[PDB]
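*Asks:* Mind folding the following:
(one chain, ligands or ions: 3)
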Amino acid sequence: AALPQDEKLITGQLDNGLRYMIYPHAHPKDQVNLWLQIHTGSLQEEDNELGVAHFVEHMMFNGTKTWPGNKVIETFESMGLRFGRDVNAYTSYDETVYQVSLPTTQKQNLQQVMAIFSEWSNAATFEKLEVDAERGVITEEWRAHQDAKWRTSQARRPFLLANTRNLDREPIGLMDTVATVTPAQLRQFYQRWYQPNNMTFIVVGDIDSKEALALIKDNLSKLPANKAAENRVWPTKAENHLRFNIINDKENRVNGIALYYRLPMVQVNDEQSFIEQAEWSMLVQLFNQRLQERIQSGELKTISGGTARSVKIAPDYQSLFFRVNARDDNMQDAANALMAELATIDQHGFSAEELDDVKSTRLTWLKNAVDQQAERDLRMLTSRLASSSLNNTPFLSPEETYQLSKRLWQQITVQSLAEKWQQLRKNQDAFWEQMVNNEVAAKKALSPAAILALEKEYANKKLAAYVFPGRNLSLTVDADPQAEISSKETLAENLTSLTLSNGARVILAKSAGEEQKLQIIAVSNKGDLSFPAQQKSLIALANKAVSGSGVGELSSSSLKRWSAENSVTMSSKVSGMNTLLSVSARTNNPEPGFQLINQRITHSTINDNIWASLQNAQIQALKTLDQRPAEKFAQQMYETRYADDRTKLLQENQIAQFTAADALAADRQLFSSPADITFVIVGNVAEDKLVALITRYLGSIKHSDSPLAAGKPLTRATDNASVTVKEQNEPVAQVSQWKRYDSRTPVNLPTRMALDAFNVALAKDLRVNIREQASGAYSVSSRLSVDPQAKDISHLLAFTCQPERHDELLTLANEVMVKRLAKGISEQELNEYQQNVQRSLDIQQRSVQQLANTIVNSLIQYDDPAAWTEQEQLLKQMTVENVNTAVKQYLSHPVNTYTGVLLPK
Ligand SMILES: [Cl-]
Ligand SMILES: [Cl-]
Ligand SMILES: [Zn+2]
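*Replies:* Numbering: from 1, shown residues only. Ligands and ions are numbered 1, 2, ... in the order given. For reference, the structure is listed below:
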C-alpha cells in the first residue's frame, strides 16, 4: 500500500512553508552538503521567458542585497570555497539547485553560507550592468560546448521528446531571449517561483539532528511566508507511430543501430509500483546479461557490443532502448544482430535460470550496499534524496531496499516478464535510429523499408531458443574446527548412536542391499504443542511454507535446480510433540543431503506468496465451515473431549495477524536447540567419510535462543459428555464414542502389540455384529490411540447408520465390546496376528525410507530408537493369557467417555 521512509532521515516544514531534509553521514568525515532546491525549472517558462530559469540561476552569483556584484564569490573564496569544486548550481526542466559542500569544523563559516542561502531565496538584485555581462557569459558557454555528443542529442530530441513540454523547453532557451531579457522580466520570474513553499533545504553529512535543524531555523525561518505560483503539469501524449532517423557526424566514434520505445514512467511509492518499475528494470538487465554472455562465448563476432538502457524523458515518461554497436562500418550485421536478438526474445522469452541469475546478482549488490552504507558517496546520496524530494517518492534505506527486493521480486516471473515484453513490443510509440560517422557506413545504413523488411524476416523465422549457462550452485557450509563426536554407543546389531559436542544425537543404520539411496531424518522433540492457543494451528502451516521456500542464498527455483543436479529430495512434518525433517540423497554423492539438512535448519527463508495462500485458504475454510457438517461436528467433538483453549478454531484476525516473519520465527524455534535433535541416518556410506560429514554439517549447528518448553499435551475434559447435533441435511446418522483410559505404567512395545491384537479381534466382532447384521450400520470403525506423554489410551468407536437405529446400534456395539473384553483373544486370532506382523517385520528392513521411519517411530512412541529390533522375539513370546492380562489391566474401566451423535435437521 505504501513504502517506509528511512529512519535516519528527518523531514519537516517551517511555518513559512520551506521544506527540509536532514540525513546524517560520515564517509567524508566532518563534511556537509547544503543544497537549496527550487521545485521549478525550464518547463515553467512562458513563451517569452525561454531560458529565463537558467538566466536566474546564473544571476544568483551576480548580486544580492548584502553581496552586490561578485562579492558572494569573493566571500565563498575567503572560506576556501570555489565555484566549480565546492559551490555549484544547475537548472534542469524540473528544478533549480544551489549546492555547497564544506567542512563541519568551522562553525561561523556554516553560518555565513546559511546567510548566503537566505539571500539567494529573496535578496537577488538583478542589476542592469550585471545582467548585460551574463548575456555574454551564457551565450559563449552555449556556443563553446556544441560538440559531437551535443549535436547527437540535438538530432535525437524531436524523436525522443515528441509531445512533451520538455521538447519546447530546453533549459538554455533561445539566444534571442538571452540577449533581450530585461532585468524586470528576470525579477518577475524570480518573485513568482522563489518562494519558501516552492523550496526544499537539504542537509546531508557529519552533523547531528539538533545542530542541522538550528542551522535551518536560525536563518531560513525569517523568510516571509509568501506563496509561489502553482507549478504546471504537461502530461505526455503518446506518439503512436514509428519514426526513423540516421545521425551523420564524423566526430562520433561509434557506428550502430538502436530501437527506442517511449512509455509512461511510474513513481515508486507503493508495493505495486515498486514491482512495475522492477519488471522494466529486469527486462533491461536480462537483455544485457544475455548479450554479454553471447559476446563472451564468441556467438556475436559480427558486432562490437550493445546495451539496453532506460532514460527519463519527461516527469511522467521514459524511453527503453536496445542498441547494437557495429563492427567498424558493418551496419547490416549490426541490424541483423539487434533484430535477431529481439525476435528470439519474442519467440522464447527469458529462462528461469536467466531470471534467477539477474535476481541473485542484484540482491548480492544490495547485501553489500547494506554493510558498506556508512561508506556511501556523499554526492550520490545527496542527489538521491533531492530526487525523492522532487518526485515526492519515499527515500528507502539500503536495508529496506534489500528487504523489499527479496519479498516483492518473488512476484516477478518468466510469465509476468513475458507479458511486459509482449506489451512493449506492441507499443507504437517507437523509433529506429542509426549512427554513421563516414560515407561508407552511411551508404550501408538501412532505409525505413529495409528495416521493416528485416523485421518481418526474423518475425517469420522459427528461431532457435537460447540456452543460458546458469551459475554454479552450492550449499557449501564452512566447517566448525571445534566440532567433535563426544560419545559412542551400540544400540542393536545394526544401530549406532553418536552424541556431538553441540549436544545433538545421531542414529546410524546400514540397509542390506545396494539401493544406493541415503536417508537423513532430523527429529526434533518440539512440536505444535509447544506454542500458545493463537499459534498451535499455524505451526504446520508455517513449516510447509518455510519448506516450500529457498534456503541459504538460493531461491525456491535455484533450490529446485540444485536438488535435481545433486539428486536430492526434502520433506517435513509437524506433529504435536515432534517435527521431522526428511532429506534423501545418493550414497555416491551424500554431501548435498547433509548440506540441505544444515541449510534448512540454519538458513531457512519464507516465500510470502506461499504464506498468503495458506492464510487465505485457512480464512476461506473457516468462512465456509457450515458447508462441511462432518468436519464442523468432528471439531465440536475435539473441543468436547478436551478442556483446552488450543482446540479452538482461529478467527480471521488471528490468521491475518500471523505474518510471514512471525511464521519464519516460529518454524526456526523447532530445530533451534541442537540438544533437542536426533538425526536418523540410514544407508550404505563409508563411516569415515560419513563421520566427516556429521561433524561438518550436524556438529556445526549452534544453539539459538528460544522460549519453547517441552510440549504440554492437551488438557483432557474431566467430565463425560453425550452430545447430539441436528445439523445434517443428509439422512445419515454419524455416531462417535471415545473411551479414555489412564496408563498407570507407560505402554511399552509388548503391551502395544497385545492391545493392537485385541483391537483387531474387537474390530472383527463389530463388523460382523453391527454392519453385517440386517438393517445395521453402513460403516463401522474401531481405532485405538496411545498418548505416552499424557499417559493415557483412547478408544474410538465410530459408525454411520440410519437415524432411527442410532440408539439401538450404540447399545449393541457396547455390549459386543463387553463380551469381547470378557472372552479375550483366541489361539487362532493370536496366531493370525503373529503371522501378519511377522510378514511386515521382514519387509521393514527392505527400503532405506521404511527403516528410517521405523527407528523414528520407535523414538517417538517408546523413547528408545532400538525398541523395534526386539519385536520378532516379543512376537513369538505373546500368549493368550499375556494379552488377556494386558487388556484387563489397560482397557477394563474408562476414566471418561465422550459421545457424539450427528443427526439430520
Ligand atoms: Cl538559440
Ligand atoms: Cl520512482
Ligand atoms: Zn549555466
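*Asks:* For burial, what's the neighbour tally of the residue in the stretch 51-200 of the chain positioned nearest to ligand 1?
*Replies:* Taking CB to the ion, ligand 1 has its nearest neighbour within the stretch 51-200 of the chain at residue 175, 3.6 Å off. From N, CA and C alone the C-beta is placed, and that goes for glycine too. Neighbour count of residue 175, defined by other CB atoms under 10 Å: 15.
*Asks:* which residues does it contact?
*Replies:* With contact set as CB atoms under 8 Å, 6 or more residues apart in numbering, residue 175 has these partners: 139, 142.
*Asks:* And for residue 639?
*Replies:* With contacts defined as CB under 8 Å, 6+ apart, residue 639 is in contact with 647, 648.
*Asks:* what's the closest non-adjacent residue to the residue of the stretch 551-700 of the chain found nearest ligand 1?
*Replies:* Distances between the stretch 551-700 of the chain and ligand 1 by CB to the ion are smallest at residue 555, namely 53.9 Å. Nearest residue to residue 555, sequence neighbours excluded (CB to CB, 6 or more residues apart in numbering): residue 356, at 5.8 Å.
*Asks:* which helices and strands does the helix or strand hosting that neighbour pack with?
*Replies:* With secondary structure defined by DSSP states H and E, residue 356 is part of helix 352-371. For helix 352-371, the packing partners by 3 or more CB pairs under 8 Å, 6 or more residues apart in numbering; DSSP states H and E come out as helix 271-296, helix 398-408, helix 414-426, helix 556-565.
*Asks:* between the ones you listed, which gets nearest to residue 515?
*Replies:* Closest to residue 515 of the helices and strands packed on helix 352-371 is helix 556-565 (CB to CB; 19.3 Å).
*Asks:* Now do the closest one against helix 352-371: the angle between them, please.
*Replies:* Interaxial angle of helix 556-565 relative to helix 352-371 (axes from the mean of the first three to the mean of the last three CA atoms, to 10 degrees): 120 degrees.
*Asks:* closest point of the stretch 1-150 of the chain to ligand 2, which residue?
*Replies:* The nearest approach of the stretch 1-150 of the chain to ligand 2 comes at residue 3, 10.0 Å away (CB to the ion).
*Asks:* Test my guess that that residue contacts residue 404.
*Replies:* Yes: using CB atoms under 8 Å, residue 3 makes contact with residue 404 at a distance of 7.3 Å.
*Asks:* burial measure for residue 107, as a count.
*Replies:* Applying other CB under 10 Å, we find 9 other residues in the vicinity of residue 107.
*Asks:* Also residue 733?
*Replies:* The local packing of residue 733 (other CB under 10 Å) involves 24 other residues.
*Asks:* Would you list the phi and psi of it?
*Replies:* Summarising the backbone geometry of residue 733 under the convention degrees, to the nearest 10, its torsions are phi -90, psi 130.
*Asks:* Could you give the bridge partners of it?
*Replies:* Residues in a beta bridge with residue 733, per DSSP bridges, are residue 801.
*Asks:* before we move on, which element is residue 32 in?
*Replies:* Applying DSSP H and E, one finds residue 32 within strand 31-38.
*Asks:* residues making contact with that strand?
*Replies:* Under the contact criterion CB under 8 Å, 6+ apart, strand 31-38 has outside partners 95-104, 110, 113-114, 117, 120-121, 193-194, 198-207, 378-379, 382, 386, 389-390.
*Asks:* Among those, which lie within helices?
*Replies:* 110, 113-114, 117, 120-121, 193, 378-379, 382, 386, 389-390 (DSSP state H).
*Asks:* Can you name the residue of this structure nearest to ligand 2?
*Replies:* Here the residue of the chain nearest ligand 2 is residue 268; by CB to the ion that distance is 3.6 Å.
*Asks:* ok but that residue is inside a helix, no?
*Replies:* No: judged by DSSP: H, G, I helix; E, B strand; the rest coil, residue 268 forms no part of a helix; its state is coil.
*Asks:* what about dumping the CA coordinates of stretch 492-512 to CSV?
*Replies:* Coordinates of each C-alpha in stretch 492-512 appear next as CSV, following Å, rounded to 0.1, in the frame of the first residue of the first chain:
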residue,chain,number,x,y,z
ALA,A,492,21.5,-53.0,18.4
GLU,A,493,23.3,-55.3,15.8
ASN,A,494,22.8,-52.6,13.1
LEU,A,495,22.2,-49.4,15.3
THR,A,496,24.9,-46.9,16.4
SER,A,497,24.5,-43.8,18.5
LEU,A,498,26.7,-40.8,18.3
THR,A,499,26.4,-37.7,20.5
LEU,A,500,28.0,-34.5,19.2
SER,A,501,29.9,-31.6,21.0
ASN,A,502,26.8,-29.4,20.3
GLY,A,503,24.5,-32.0,22.1
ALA,A,504,22.9,-33.4,19.0
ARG,A,505,22.2,-37.2,18.7
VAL,A,506,22.9,-39.2,15.5
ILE,A,507,21.5,-42.7,14.9
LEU,A,508,23.3,-44.7,12.3
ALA,A,509,21.9,-47.8,10.4
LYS,A,510,23.1,-49.6,7.3
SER,A,511,20.4,-51.1,4.9
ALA,A,512,21.1,-54.6,3.5
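*Asks:* got the buried residues for it?
*Replies:* Of all the residues in stretch 492-512, those buried under the rule 16 or more other CB atoms under 10 Å are 495-500, 502, 504-511.
*Asks:* And those, which is closest to ligand 1?
*Replies:* Out of these, the one with the shortest distance to ligand 1 is residue 502. That distance is 76.8 Å, counting by CB to the ion.
*Asks:* wait, what's in contact with that closest one?
*Replies:* If you count contacts by CB under 8 Å, 6+ apart, then residue 502 has 483, 674, 675, 699, 700, 701, 702, 703 around it.
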